[PDB]
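First, one chain by itself: the form deposited without the partner chain, in structure tokens.
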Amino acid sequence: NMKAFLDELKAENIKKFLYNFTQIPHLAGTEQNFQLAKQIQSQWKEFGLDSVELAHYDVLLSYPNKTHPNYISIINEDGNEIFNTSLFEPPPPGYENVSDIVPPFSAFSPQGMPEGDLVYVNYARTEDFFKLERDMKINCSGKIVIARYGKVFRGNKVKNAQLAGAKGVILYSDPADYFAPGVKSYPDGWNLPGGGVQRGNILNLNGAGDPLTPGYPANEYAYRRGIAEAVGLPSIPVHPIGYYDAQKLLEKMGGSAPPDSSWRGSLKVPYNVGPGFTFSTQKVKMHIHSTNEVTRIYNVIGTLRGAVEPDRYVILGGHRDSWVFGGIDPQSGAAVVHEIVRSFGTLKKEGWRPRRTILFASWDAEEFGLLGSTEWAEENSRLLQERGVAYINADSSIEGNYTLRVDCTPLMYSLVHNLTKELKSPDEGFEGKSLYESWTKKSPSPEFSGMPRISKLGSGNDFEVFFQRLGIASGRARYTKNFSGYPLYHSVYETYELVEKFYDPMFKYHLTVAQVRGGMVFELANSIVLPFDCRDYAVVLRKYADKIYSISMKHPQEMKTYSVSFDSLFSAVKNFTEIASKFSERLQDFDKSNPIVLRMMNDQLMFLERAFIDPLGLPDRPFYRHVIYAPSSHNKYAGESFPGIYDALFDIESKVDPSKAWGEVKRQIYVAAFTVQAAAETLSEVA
């Protein structure tokens, strides 16, 4: 049973595995990450799984040129380079050995050496550009943009800059966002030093996976697009820097003053918007020589065969590739997965099997655009869509030590509330209290009443293909602090020591998280009726419908003129509530001795998330197919509800042809209404 499973999980095994996984860098596509793959594969076998395989793919990756390093320069009239930015981050104490740490770069930047004047765009959010262009009437065309990291996915920033006519992008971490007051810089604290730099890809894939093979696995015989038809590549060069190098670049900024104080970081500089310097005269020059190449990646797939329903899959998955040492990201998740596998393997060895099949994945190349999970899901989509019960993600276990953070489909709200009521809180001052209780006090639902906050699923991690493309119920859970990161995210300072010393000295937060993740998986794979409560969907659908309705009501005149009615959507949401209620009654009232009836009802529960998928996808985003959730078009990290209606409404006042625009709003209402009604009807009696 479950306590057995949970009792078997040890804090000290997790620490042990974390140490093992973080001694050398495990960059996607490198030999070291292949070797770590083989090791996971051997150990998952010893741990007892029925089978363990590697699945490989040849996918587009991106690397700096070793012999021609990227950097930024200030140049004078004579094109002399007065100031150059760092070529690497100062490595942390004890790691001068590090054979090779990849230098900071933006993965997938095109090559180039543009020069021009700087304009400062705050976070380079859509509203930031609105403010700049609309109110301040500044123009970025032909400019080099400098933006700080934070708020939104960096690929969104680069896309907004391209849209604004920019010719290059410089990204940096501002201490306002990455330096927590009263804490010391690494190695004496968990703060980001001025030499530290955030790596990460800057693609706008919208779910496509490998840029060359959208729709299909990048296997041996795959036909590949030419790089010119590749999906999601930026067309301007981009490069990231620390705040020391950034202060040099910002200290001379001329033109307009920040429009207000929210545009201002913590550096001792004016934060002028520019364009140009105060040093007329001087310009900025980028040197990007990174290359894209087709490189092989390896996922590790382990299988624990179910005893009763082997053709039903519960999936625990998390990535193994890291920018450098991956102390937090991803090895604090991977080490938790490893102990969960060891622990399932133990039960199995004593003769136990779960009811359903459990699949365990160690994904590759997440950092480069969720490529390993996606290609694998493109290859197995027929199995996943007919047999996939649920997907639990397992990136970083901790990103703070304050409370539980859970994002999932409403189908799993009750499972997560129940499970956490049986778990001991590991928080100071809640000893003897349940996880549900510390979590509820520290993180109260706005939505009401005496319940914890649970968020929507956006994207930016490996659950994306499972939920947004395939409609498989998905969740994730981690410890967090009281979309920007923790200060040391994706830098060289993310090490084993960072975690042992400052985050989780006892590894008790890792353990709590291993219980939540492992317990969810255990319940999903073994409970006789699937632990999904469809009435939870009925509740949030109503809230989401009120929400998009209020957004539309900011335009009463247009609603009148174009006859924009939400009646069909509320009507669909009403029918969903009613039918969902009745389906629950039947769920309570039928006999579990009849297997066929049990399988039927489970199939209904399983396909219910699947019912929300539109095979045509959302407009311009063919691989985002879920009609209720999609990643925000302004922020890949954030979920948006009724994404098709929301985007039809967004900035509608600016559209040239109002009735065409409002026509499209109404089309999206219709699509949403029909999909909600069709989903509800899957829960009707079947004949």
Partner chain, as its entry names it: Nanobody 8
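Positions refer to the first chain, counted from 1.
Note: missing coordinates for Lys592 occur in a third or more of the other compared entries bracketing this position. According to the entry, the stretch of the deposited sequence that connects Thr278 to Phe279 contains 1 to 3 residues lacking coordinates, which leaves a short gap in the model.
In the deposited entry, the stretch joining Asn482 to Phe483 is interrupted by 4 to 9 residues of the deposited sequence lacking coordinates.
Between the stretches 279-287 and 546-554, it is 279-287 that shows the larger average CA temperature factor.
The stretch 658-666 shows the higher mean C-alpha B-factor when 658-666 is compared against 635-643 in the entry.
Between the residues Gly326, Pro410, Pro181, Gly519, the entry's highest C-alpha temperature factor is the one at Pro181. Based on the entry's C-alpha B-factors, the most elevated value among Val573, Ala246, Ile297, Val540 belongs to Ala246. Per the PDB record, residue ranking by Cα B-factor puts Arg199 in the lowest third of the chain. Among the modelled residues of its chain, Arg224 has a C-alpha B-factor that falls in the middle third, as given in the PDB entry. When the CA B factors of the chain's modelled residues are split into thirds, the value for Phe467 lands in the lowest one. In the deposited entry, the Cα temperature factor of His338 places it in the lowest third of its chain's modelled residues.
Ranked within its chain, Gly150 lands in the middle third, by CA B factor from the PDB record.
Keep in mind the form solved in complex with the partner chain is missing from the figure; the text below concerns it.
Checked against the partner chain in the entry with it bound, the residues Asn84, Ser266, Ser235, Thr561 give one hit for a heavy atom within 4.5 Å, which is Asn84.
For the options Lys442, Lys248, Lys285, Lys131, the residue carrying a heavy atom within 4.5 angstroms of the partner chain in the entry with it bound is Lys248. With the partner left out here, the partner chain still marks one of 193-201, 366-374, 136-144, 256-264 in the entry with it bound; by a 4.5 Å heavy atom cut-off that stretch is 193-201. Taking the partner from the other structure, the partner chain in the entry with it bound has a heavy atom within 4.5 Å of a heavy atom of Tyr244. Of the heavy atoms in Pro90, some are within 4.5 Å of the partner chain in the entry with it bound. Taking non-hydrogen atoms only, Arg125 never approaches the partner chain to within 4.5 angstroms in the entry with it bound. Although the partner is absent here, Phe279 sits close enough that one of its heavy atoms falls within 4.5 Å of the partner chain in the entry with it bound. Residues of 512-541 that come within 4.5 Å of the partner chain in the entry with it bound, judged by any heavy atom, do not exist; none qualify.
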